[PDB]
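Protein chains in written order, with the numbering used here: chain A, 4 to 440; chain B, 2 to 51; chain C, 120 to 172; chain D, 6 to 164; chain E, 306 to 438; chain F, 17 to 273.
Heads up, the beta-carbon is just placed ideally off N, CA and C, and yes, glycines get one too.
Just below is one structure, and these are the notes that go with it.
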Amino acid sequence: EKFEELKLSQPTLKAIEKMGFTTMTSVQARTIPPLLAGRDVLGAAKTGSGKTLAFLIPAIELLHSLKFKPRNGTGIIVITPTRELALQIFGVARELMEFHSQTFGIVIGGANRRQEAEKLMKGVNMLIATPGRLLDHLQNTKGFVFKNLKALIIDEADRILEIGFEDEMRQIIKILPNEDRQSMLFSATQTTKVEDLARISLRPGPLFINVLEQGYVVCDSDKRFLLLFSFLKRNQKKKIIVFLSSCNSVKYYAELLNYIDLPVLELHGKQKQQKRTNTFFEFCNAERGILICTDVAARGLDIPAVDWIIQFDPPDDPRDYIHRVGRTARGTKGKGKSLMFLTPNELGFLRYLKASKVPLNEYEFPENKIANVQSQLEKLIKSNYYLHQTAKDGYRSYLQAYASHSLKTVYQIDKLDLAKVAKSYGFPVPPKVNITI
Amino acid sequence: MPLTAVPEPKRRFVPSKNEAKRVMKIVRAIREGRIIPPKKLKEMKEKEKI
Amino acid sequence: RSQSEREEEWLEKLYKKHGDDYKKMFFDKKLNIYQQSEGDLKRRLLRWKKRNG
Amino acid sequence: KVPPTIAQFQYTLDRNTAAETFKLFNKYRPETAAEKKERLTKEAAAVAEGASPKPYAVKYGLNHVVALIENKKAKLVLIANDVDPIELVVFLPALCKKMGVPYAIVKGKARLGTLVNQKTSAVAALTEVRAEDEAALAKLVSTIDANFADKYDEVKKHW
Amino acid sequence: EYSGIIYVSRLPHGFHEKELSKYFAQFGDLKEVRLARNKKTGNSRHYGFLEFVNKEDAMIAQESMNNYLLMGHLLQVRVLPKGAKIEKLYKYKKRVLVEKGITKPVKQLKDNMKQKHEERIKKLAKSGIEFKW
Amino acid sequence: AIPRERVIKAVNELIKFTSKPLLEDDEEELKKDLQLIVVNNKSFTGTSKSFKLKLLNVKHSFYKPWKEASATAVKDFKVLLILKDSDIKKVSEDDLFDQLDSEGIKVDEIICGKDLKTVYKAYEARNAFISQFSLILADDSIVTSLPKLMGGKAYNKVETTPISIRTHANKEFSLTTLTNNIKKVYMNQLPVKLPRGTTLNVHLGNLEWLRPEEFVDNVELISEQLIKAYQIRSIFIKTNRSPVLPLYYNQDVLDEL
RNA sequence: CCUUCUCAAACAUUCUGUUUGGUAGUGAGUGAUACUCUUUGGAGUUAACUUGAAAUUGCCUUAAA
């Protein structure tokens with residue numbers, strides 16, 4: 004089927020055309036009509052299978068049907084376990100609403116609380132917020148208009164339960180209304196606890212729908228960027244995909260690499276969907292180049308036959324990253340080597356790697372030979388305002404992602420050396436980041 | 002870590018604008034026949050004093 | 120309104136150094152002494168063009 | 006006697022270290038009114054008939070220096086030991102120590118003012134230095150640290 | 306306790322024994338001053354040892370020059386414990402090559418070179434590389 | 017001249033040796049890839065250990081392939097130009113690029129003796145800056161002052177040591193003189209030092225560089241010049257301290273001892 | 001707390017082309033096997049790399065007073 008065969012408003016149709024997706028996916032084709040009808044639906048759709056747009060489009064349709072002013076109510080609420088997923092969903096919502104006149108915003112853990120409170124007071128008709136900060140905004144912020152909750156959707160309930168927000172989810176359900184609220188949810192899988200949570204939230208009888216060496220390098224925090232740059236320079240003429248934990252960091256790294264006179268491609272949620280698809284196709288068909296992508300962007304995206312898979316930043320979903328290699332080896336003609344960067348304080352991930360029992364190899368590099376571009380990077384940052392701002396934004400995003408990592412036992416902000424990270428980013432003086440240390 | 006972020010302004014990474022304003026004011030004064038350029042002053046004084 | 124002679128000359132250098140590629144002009148250290156945004160540069164170029172060829 | 010915070014001053018640098026610091030600072034004298042005025046007039050004259058790098062100067066304003074500190078931008082800070090409103094400078098050494106910015110106490114505010122074309126400068130600090138003097142700046146920082154923090158480690162004790 | 310022998314490092318280039326003796330002679334009298342030097346080249350290693358007749362002079366010199374800045378070098382001076390007498394320190398100077406091994410006749414070394422070339426060919430053959438002449 | 021068959025056999029043996037049956041290229045990519053020829057002589061320039069460099073004429077110097085192949089390496093090839101203080105103001109980077117971009121060569125930076133003594137005085141900074149560039153060109157006038165300003169560490173290697181380049185025409189500085197002398201050095205010369213010892217070595221570059229036949233021609237051309245220059249002795253083509261492959265055998269030199 | 005040996009000729013005078021000469025250095029440490037040499041003791045050459053200018057001993061008077 005196609006989006007043209009649905010009762011979609013003209014601005015929504017124009018936005019969908021701007022996205023570039025005209026053929027409905029199986030999950031989308033099966034979920035969009037029931038969602039538009041208002042029936043509660045839950046499923047085990049895999050992440051990145053287009054379910055995000057699948058349940059976003061009905062929300063926009065409901066908003067366009069009600070046509071209530073931004074001051075009237077809060078409209079739709081979206082809960083996601085991770086900050087990166089929240090940013091991706093907000094970007095998708097903004098892309099879809101470009102034509103639409105409704106308001107949208109985010110509430111992300113570790114962000115400016117005052118700004119989020121002001122935005123909520125102004126009125127947001129499409130809110131995407133993590134449960135941890137969503138509870139705080141619901142409880143200790145006067146003027147919130149959550150009383151008009153029309154729809155509620157939960158993404159990746161299994162991850163939310165695993166992190167430990169089940170009590171937070173119960174509190175949110177208790178606080179939020181249930182009179183006219185239509186409840187839905189989606190996740191890669193669903194356990195007994197997830198089923199109980201769905202039963203608690205989903206008011207009616209919900210509709211059910213179903214559808215290699217672990218190479219790692221131990222490098223210092225300050226020298227990680229230089230080592231990655233040297234690896235890319237000496238591995239040129241190949242195809243390499245780099246995984247990061249922040250879209251801002253990906254954009255900054257891509258811009259810096261382009262400025263250093265070496266072609267590089269970026270793939271982040273903040274990029275326009277049409278531009279995202281064009282860049283992905285160009286990288287796939289080029290047969291040579293380097294792609295810098297975020298974890299969430301490549302979570303469900305197709306993986307061409309790439310020679311290397313580099314996990315520069317800690318994975319957002321450790322289990323998915325651990326299990327990826329098994330299928331990645333079979334899915335590529337030439338088994339793409341997997342590379343991971345581990346801080347000396349991040350050696351705890353070796354315990355999980357051993358628990359996986361997959362083959363592993365410890366690569367080594369000489370400290371004598373390195374790109375040695377620290378002085379040039381510092382001069383460029385101190386001389387260029389745009390590059391300085393991009394680097395600062397990337398550093399802030401990386402710190403925020405690190406602080407929000409579920410694996411607290413392996414990753415901790417306290418153990419991190421801020422000075423070394425700033426030097427790697429090119430800042431002799433680490434810019435301040437509002438991290439709840 | 003420092004105390005306050007205070008994102009840096011462009012003026013820190015950009016040449017001073019007050020200096021440009023003063024230079025433009027001096028240019029306007031010279032054009033209006035109000036300020037003698039230093040070279041003109043030197044030329045006039047060289048003829049003078051003798 | 121009108122643009123100053125110095126501003127017009129600087130815009131002429133931007134034009135016959137990069138043309139219409141505002142992205143490249145954004146990184147022009149020699150001509151773009153002030154690191155202005157792409158939007159401001161494009162607006163100034165359009166204003167200059169409206170009064171010229 | 007006086008409390009530990011008082012008498013922390015007057016334990017200035019030795020003759021050689023102070024002389025070297027002042028010699029280094031004399032290479033970054035901010036342009037006086039006449040120098041800046043003549044430079045601006047020359048620039049105007051050039052513009053009349055038809056890209057310089059960032060200027061380097063010593064930052065000395067008390068408010069400006071205090072703003073520079075607590076942001077780790079400053080590298081060396083000079084503190085006058087004869088400030089009549091002592092409260093204006095009592096907190097500077099401890100704040101610098103907390104921020105880790107190297108600091109020193111020099112004799113006389115007029116000496117600081119002379120190197121900045123001012124009658125009296127409460128403080129004098131350096132933020133950025135030329136690549137030529139970067140090694141010299143590091144050497145002076147190390148010498149000041151050795152001669153002040155270790156030699157006068159008890160400056161914050163024994164009332 | 307501490308002895309009169311003093312160890313000084315971080316000596317600026319050109320700060321030779323004579324200059325050290327002249328500068329330290331003010332503090333009482335110095336028994337002997339020695340500066341480390343390289344054998345092939347006569348330049349100093351930027352560290353030497355000096356002995357004082359009296360321990361008070363040694364301690365005064367150590368206090369005065371503990372962290373003295375000397376044209377880019379912060380001199381560090383230490384007073385060794387009781388004993389630890391200075392060892393030998395040759396006054397090395399520049400070494401100039403002298404040629405002496407040309408006494409062998411040219412005829413003998415011709416055959417020696419031929420034999421060495423044959424042995425080299427045999428060795429490179431033994432190394433897994435096939436070559437001739 | 018020596019038959020080309022021996023040189024062909026030597027290069028084929030080197031090619032065989034380069035391939036044999038832990039991520040970055042520490043020393044392996046340079047040990048079994050470097051090509052050099054060892055020339056023996058009776059105390060090359062025994063009178064004095066001057067740092068003079070001899071620019072052997074080469075039809076196809078490795079500089080162009082070195083720049084072409086330097087992209088896929090951590091170390092980036094660069095060219096350093098050193099000129100006197102008086103002539104640096106006249107020399108402009110834009111003019112040099114415009115007059116040299118046609119040939120394809122580029123100049124990364126231009127330096128003067130004043131800069132070396134003020135900004136690069138520090139030993140650490142001097143070492144960091146010098147190591148960046150692989151090709152160093154210095155005005156004939158300032159080469160005598162360079163060793164004092166730049167120290168002796170840069171002279172420990174052929175790449176780091178300066179190379180004399182003419183920049184004066186009719187006793188007056190001429191832009192075209194430098195513009196074409198740099199081209200001649202880049203694509204028509206091969207610098208090599210003259211050590212104060214019996215052994216002399218010339219670095220011919222990596223194995224993946226100019227084709228073996230071109231490598232053989234370059235070796236023959238270098239050997240002819242060396243024979244015409246000094247009373248050289250047995251010559252061997254050697255990889256990084258790998259088995260030596262003799263190429264020339266001189267006997268009349270021994271009788272002259 | 002001073003600064004560093006910033007060119008000389010022959011031919012050609014297409015205004016720059018050919019040939020020659022002038023370059024004696026912070027030290028320490030690590031380190032890839034060839035050259036001769038005199039026979040002994042090692043003398044000079046030969047890849048590569050770290051460094052805060054780092055470091056424990058190789059048997060003339062006016063910057064006058």
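Inside the segment 165-196 of chain A, DSSP marks whole beta strand (DSSP E) runs of 3 or more residues at positions 185-189, from first to last along the chain. In the DSSP assignment, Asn417 of chain E falls within the alpha helix (DSSP H) that extends over 411-431. Against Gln239 of chain A, the close residues of chain F are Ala87, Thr88, in the order they occur along the chain (beta-carbon pairs closer than 7 Å). Shown here, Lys336 of chain E sits in a strand according to DSSP, grouped into three states. Assignment of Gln331 of chain E by DSSP, reduced to helix, strand and coil, places it in the coil class. Between the alpha carbons of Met187 of chain A and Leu45 of chain A lies a gap of roughly 6 Å. Where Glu40 of chain F is concerned, there is no enclosing beta strand (DSSP E), because DSSP gives it neither an H nor an E.
Shown here, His137 of chain C sits in a helix according to DSSP, grouped into three states. Contact between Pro73 of chain A and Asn128 of chain A holds: CB atoms are separated by about 6 Å, below the 8 Å threshold. Proximity of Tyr366 of chain A to chain F, defined by a Cβ-Cβ separation below 7 Å, is satisfied.
DSSP, read as helix, strand or coil, puts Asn56 of chain F in strand. A distance below 7 Å separates the beta carbons of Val146 of chain D and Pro107 of chain D. A check of alpha carbon separations from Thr133 of chain A across A:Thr282, A:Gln118, A:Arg86 identifies A:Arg86 as the nearest. When Cβ-Cβ separations below 7 Å define contact, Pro163 of chain F makes no contact with chain E. Closest in C-alpha terms to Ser77 of chain F, from the list F:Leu151, F:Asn186, F:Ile98, comes F:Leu151. Under the three-state reduction of DSSP, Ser233 of chain A is assigned to helix. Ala138 of chain F has a beta carbon lying within less than 7 Å of a beta carbon in chain D.
Against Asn76 of chain D, the close residues of chain A are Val432, in the order they occur along the chain (beta-carbon pairs closer than 8 Å). Between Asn143 of chain F and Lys173 of chain F the beta-carbon gap is near 12 Å, outside 8 Å, which marks them as no contact. Annotated three-state conformation of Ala141 of chain F is helix, per DSSP. Residue range 86-100 is occupied by the alpha helix (DSSP H) that includes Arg97 of chain A. Contact of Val411 of chain E with chain F is assigned, a C-beta pair being separated by under 7 Å.
For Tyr255 of chain A, the secondary structure class from DSSP, reduced to helix, strand or coil, is helix. The beta carbon of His318 of chain E is closer than 8 Å to those of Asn348, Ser349, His351 in its chain, skipping five residues each way along the sequence.
At least one beta carbon of chain D lies nearer than 7 Å to the beta carbon of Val135 of chain F.
For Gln154 of chain C, the residues of chain A that pass the 8 Å Cβ criterion are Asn387, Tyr388, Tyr389, in the order they occur in the chain. Around the CB of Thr160 of chain F, fewer than 16 other CB atoms lie within 10 Å, so the residue is classed as exposed. For the pair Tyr33 of chain D and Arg135 of chain D, the Cα-to-Cα distance works out to about 10 Å. Cα atoms of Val123 of chain F and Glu370 of chain A: separation of roughly 29 Å, rounded to the nearest angstrom. In terms of CA proximity to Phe344 of chain A, A:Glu367 leads the group A:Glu367, A:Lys196, A:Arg173, A:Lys54. If you keep only unbroken alpha helix (DSSP H) runs of at least 4 residues inside the segment 73-99 of chain D, you get nothing at all. With 16 or more other CB atoms across the displayed protein chains lying within 10 angstroms of its CB, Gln193 of chain A is buried. In its chain, beyond the 5 residues on either side, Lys161, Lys162, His163, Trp164 have a beta carbon closer than 8 Å to the beta carbon of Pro9 of chain D. With 16 or more other Cβ atoms inside 10 Å of its own Cβ, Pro262 of chain F counts as buried. Measuring C-alpha to C-alpha distances from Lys338 of chain A to each of A:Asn151, A:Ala308, A:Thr297, A:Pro14 identifies A:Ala308 as the nearest. The Cβ-Cβ distance between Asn57 of chain F and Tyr264 of chain F does not fall below 7 Å.
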